[PDB]
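**Q** Please read through the structure below; I'll follow up with questions.
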Amino acid sequence: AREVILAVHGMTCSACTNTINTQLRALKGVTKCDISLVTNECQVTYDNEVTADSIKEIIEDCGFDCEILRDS
């Protein structure tokens with residue numbers, strides 16, 4: 001497993017990260033994900049089955065503006 005790190009805007013309550021983190025965990029290659037209401041980022045421990053862009057899309061869909069910062 002790789003890590004992707006992406007900036008998640010919009011989020012302003014725990015329900016939000018719950019929803020995000022759960023959705024990500026549900027995709028396929030996501031094994032773990034460590035989301036932190038400090039710097040408004042999402043950190044996703046995935047493997048090659050999943051796609052960072054999909055991850056962004058999923059968060060867009062979930063209803064938060066977000067952008068891919070790094071793939072490590």
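If you're wondering about the labels, chains in the structure tokens are A, B, ... by order shown, residues count from 1 in each chain, ligands from 1 in order shown.
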Which neighbours of residue 2 (chain A) fall inside 7 Å, counting only C-alpha atoms, when residues of the same chain fewer than 3 positions from it are skipped, and could you give them as a PDB file with N, CA and C atoms, in the first residue's frame?

**A**
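Written output follows (out.pdb):
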ATOM      1  N   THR A  45      -4.405   5.394   2.863  1.00  0.00           N
ATOM      2  CA  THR A  45      -3.468   4.303   2.663  1.00  0.00           C
ATOM      3  C   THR A  45      -4.103   3.304   1.690  1.00  0.00           C
ATOM      4  N   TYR A  46      -3.784   3.418   0.398  1.00  0.00           N
ATOM      5  CA  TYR A  46      -4.394   2.610  -0.650  1.00  0.00           C
ATOM      6  C   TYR A  46      -3.390   1.702  -1.328  1.00  0.00           C
ATOM      7  N   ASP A  47      -3.867   0.766  -2.146  1.00  0.00           N
ATOM      8  CA  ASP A  47      -3.015   0.069  -3.099  1.00  0.00           C
ATOM      9  C   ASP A  47      -3.608   0.152  -4.505  1.00  0.00           C
ATOM     10  N   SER A  72       2.158  10.378  -1.797  1.00  0.00           N
ATOM     11  CA  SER A  72       3.150  10.010  -0.798  1.00  0.00           C
ATOM     12  C   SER A  72       3.225  11.246   0.100  1.00  0.00           C
TER      13      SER A  72
END

**Q** Applying 10 Å and only C-alpha atoms, which residues near residue 69 (chain A) remain after dropping the ones on its own chain fewer than 3 positions away? List them as a ChimeraX atom specification.

**A** /A:4-8,41-42,66,72

**Q** Okay, now the selection with C-alpha atoms, as a CSV table (one decimal), in the first residue's frame?

**A**
chain,number,residue,atom,x,y,z
A,4,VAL,CA,-2.2,9.6,-1.1
A,5,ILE,CA,-2.7,12.9,0.7
A,6,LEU,CA,-5.4,15.4,-0.6
A,7,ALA,CA,-6.7,18.7,0.8
A,8,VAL,CA,-10.4,18.5,1.7
A,41,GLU,CA,-6.6,17.1,4.7
A,42,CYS,CA,-7.4,13.5,4.0
A,66,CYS,CA,-11.0,18.8,-2.5
A,72,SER,CA,3.2,10.0,-0.8

**Q** Can you tell me, as a list in words, what residues are no more than 7 Å from region 34-38 of chain A when counting only C-alpha atoms, ignoring any on the same chain fewer than 5 positions away?

**A**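 Neighbouring residues, sequence-local ones excluded: residues 17, 21, 43 and 44 of chain A.
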
**Q** State, in Å with one decimal place, the distance from CA of residue 20 (chain A) to CA of residue 1 (chain A).

**A** 19.2 Å

**Q** Would you tabulate, counting only C-alpha atoms, all residues of region 17-40 of chain A that have an atom at most 10 Å from an atom of region 50-56 of chain A, showing the closest pair of atoms and their distance in Å to one decimal, sorted by chain then ascending number, as a Markdown table?

**A**
| residue | atom | partner | partner_atom | distance |
| --- | --- | --- | --- | --- |
| A:20 | CA | A:55 | CA | 9.5 |
| A:23 | CA | A:55 | CA | 9.0 |
| A:24 | CA | A:55 | CA | 6.7 |
| A:27 | CA | A:50 | CA | 7.1 |
| A:28 | CA | A:50 | CA | 6.0 |
| A:29 | CA | A:50 | CA | 4.7 |
| A:30 | CA | A:50 | CA | 6.8 |

**Q** Which parts of region 19-61 of chain A does DSSP call strand (DSSP E or B) when run on the backbone here, written out as number ranges by chain?

**A** A: 32-33, 36, 41-46

**Q** For N, CA and C atoms, I'd like the residues from the last selection saved as a CSV table (one decimal), in the first residue's frame.

**A**
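Written out: result-v1.csv:
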chain,number,residue,atom,x,y,z
A,32,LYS,N,-6.6,1.6,4.8
A,32,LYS,CA,-6.7,2.5,6.0
A,32,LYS,C,-6.8,3.9,5.4
A,33,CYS,N,-7.3,4.8,6.3
A,33,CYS,CA,-7.3,6.2,5.9
A,33,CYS,C,-7.4,7.0,7.2
A,36,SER,N,-8.1,14.1,9.5
A,36,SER,CA,-7.7,15.0,10.6
A,36,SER,C,-8.3,16.4,10.4
A,41,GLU,N,-7.1,18.1,5.7
A,41,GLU,CA,-6.6,17.1,4.7
A,41,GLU,C,-7.2,15.7,5.0
A,42,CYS,N,-7.0,14.9,4.0
A,42,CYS,CA,-7.4,13.5,4.0
A,42,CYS,C,-6.2,12.7,3.5
A,43,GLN,N,-5.8,11.6,4.3
A,43,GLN,CA,-4.7,10.8,4.1
A,43,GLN,C,-5.2,9.4,3.9
A,44,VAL,N,-5.0,8.7,2.8
A,44,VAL,CA,-5.6,7.5,2.4
A,44,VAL,C,-4.5,6.5,2.1
A,45,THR,N,-4.4,5.4,2.9
A,45,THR,CA,-3.5,4.3,2.7
A,45,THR,C,-4.1,3.3,1.7
A,46,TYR,N,-3.8,3.4,0.4
A,46,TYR,CA,-4.4,2.6,-0.7
A,46,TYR,C,-3.4,1.7,-1.3

**Q** List every residue of chain A that DSSP, applied to the backbone of this structure, assigns to alpha helix (DSSP H), and report them as a list in words.

**A**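 Listing alpha helix (DSSP H) positions across chain A yields residues 14, 15, 16, 17, 18, 19, 20, 21, 22, 23, 24, 25, 26, 52, 53, 54, 55, 56, 57, 58, 59, 60, 61 and 62 of chain A.
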
**Q** What would the file look like if the residues just selected were written as a CSV table (one decimal), in the first residue's frame with N, CA, C and O atoms?

**A**
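The new file selection37.csv reads:
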chain,number,residue,atom,x,y,z
A,14,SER,N,-17.6,16.5,12.3
A,14,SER,CA,-17.1,15.1,12.3
A,14,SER,C,-17.9,14.1,11.4
A,14,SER,O,-17.2,13.3,10.7
A,15,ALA,N,-19.2,14.3,11.3
A,15,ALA,CA,-20.0,13.6,10.3
A,15,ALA,C,-19.4,13.6,8.9
A,15,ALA,O,-19.4,12.7,8.2
A,16,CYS,N,-18.8,14.8,8.6
A,16,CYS,CA,-18.2,14.9,7.3
A,16,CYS,C,-17.0,13.9,7.0
A,16,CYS,O,-17.1,13.1,6.1
A,17,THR,N,-16.0,14.0,7.9
A,17,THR,CA,-14.9,13.1,7.8
A,17,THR,C,-15.4,11.6,7.9
A,17,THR,O,-15.0,10.8,7.1
A,18,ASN,N,-16.3,11.3,8.8
A,18,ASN,CA,-16.9,10.0,8.9
A,18,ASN,C,-17.4,9.6,7.5
A,18,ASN,O,-17.0,8.5,7.0
A,19,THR,N,-18.2,10.4,6.8
A,19,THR,CA,-18.7,10.1,5.5
A,19,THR,C,-17.5,9.9,4.5
A,19,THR,O,-17.5,8.9,3.8
A,20,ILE,N,-16.6,10.8,4.5
A,20,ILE,CA,-15.5,10.8,3.6
A,20,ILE,C,-14.7,9.5,3.8
A,20,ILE,O,-14.7,8.6,3.0
A,21,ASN,N,-14.1,9.3,5.0
A,21,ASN,CA,-13.3,8.2,5.4
A,21,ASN,C,-14.0,6.9,5.1
A,21,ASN,O,-13.4,6.0,4.5
A,22,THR,N,-15.3,6.8,5.5
A,22,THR,CA,-16.0,5.6,5.2
A,22,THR,C,-16.1,5.3,3.7
A,22,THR,O,-15.8,4.2,3.2
A,23,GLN,N,-16.5,6.3,2.9
A,23,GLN,CA,-16.6,6.1,1.4
A,23,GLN,C,-15.2,5.7,0.9
A,23,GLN,O,-15.2,4.7,0.1
A,24,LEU,N,-14.1,6.3,1.3
A,24,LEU,CA,-12.8,5.9,0.8
A,24,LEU,C,-12.5,4.5,1.2
A,24,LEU,O,-12.2,3.7,0.3
A,25,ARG,N,-12.7,4.2,2.4
A,25,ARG,CA,-12.5,2.8,2.9
A,25,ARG,C,-13.2,1.8,2.1
A,25,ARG,O,-12.8,0.7,1.9
A,26,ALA,N,-14.4,2.2,1.6
A,26,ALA,CA,-15.3,1.3,0.8
A,26,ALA,C,-14.9,1.1,-0.7
A,26,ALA,O,-15.4,0.3,-1.3
A,52,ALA,N,-6.4,7.9,-7.3
A,52,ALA,CA,-6.4,9.1,-6.6
A,52,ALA,C,-7.5,10.0,-7.1
A,52,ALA,O,-8.2,10.7,-6.4
A,53,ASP,N,-7.6,10.1,-8.5
A,53,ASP,CA,-8.6,10.9,-9.1
A,53,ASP,C,-10.0,10.5,-8.7
A,53,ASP,O,-10.8,11.3,-8.4
A,54,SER,N,-10.2,9.2,-8.7
A,54,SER,CA,-11.5,8.6,-8.2
A,54,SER,C,-11.7,9.1,-6.8
A,54,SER,O,-12.7,9.6,-6.5
A,55,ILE,N,-10.7,8.9,-5.9
A,55,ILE,CA,-10.8,9.4,-4.6
A,55,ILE,C,-11.2,10.9,-4.5
A,55,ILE,O,-12.1,11.2,-3.7
A,56,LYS,N,-10.6,11.7,-5.3
A,56,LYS,CA,-11.0,13.1,-5.3
A,56,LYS,C,-12.5,13.2,-5.8
A,56,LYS,O,-13.3,13.6,-5.0
A,57,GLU,N,-12.9,12.6,-6.9
A,57,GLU,CA,-14.2,12.5,-7.4
A,57,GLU,C,-15.2,12.0,-6.4
A,57,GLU,O,-16.3,12.6,-6.2
A,58,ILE,N,-14.9,11.0,-5.6
A,58,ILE,CA,-15.7,10.4,-4.5
A,58,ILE,C,-16.0,11.5,-3.5
A,58,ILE,O,-17.1,11.6,-3.0
A,59,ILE,N,-15.0,12.3,-3.1
A,59,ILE,CA,-15.1,13.3,-2.1
A,59,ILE,C,-15.9,14.5,-2.7
A,59,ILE,O,-16.8,15.1,-2.1
A,60,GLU,N,-15.7,14.8,-4.0
A,60,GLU,CA,-16.5,15.8,-4.7
A,60,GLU,C,-18.0,15.4,-4.6
A,60,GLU,O,-18.8,16.2,-4.2
A,61,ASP,N,-18.3,14.2,-5.0
A,61,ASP,CA,-19.6,13.6,-5.0
A,61,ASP,C,-20.2,13.6,-3.6
A,61,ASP,O,-21.3,14.1,-3.4
A,62,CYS,N,-19.4,13.2,-2.6
A,62,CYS,CA,-19.8,13.2,-1.2
A,62,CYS,C,-20.2,14.7,-0.8
A,62,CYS,O,-21.0,14.8,0.2

**Q** Between A:65, A:71, A:12, A:3, which has the minimum distance to residue 31 (chain A) (counting only C-alpha atoms)?

**A**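 Looking at the shortest contact to residue 31 (chain A), the residue is A:3.
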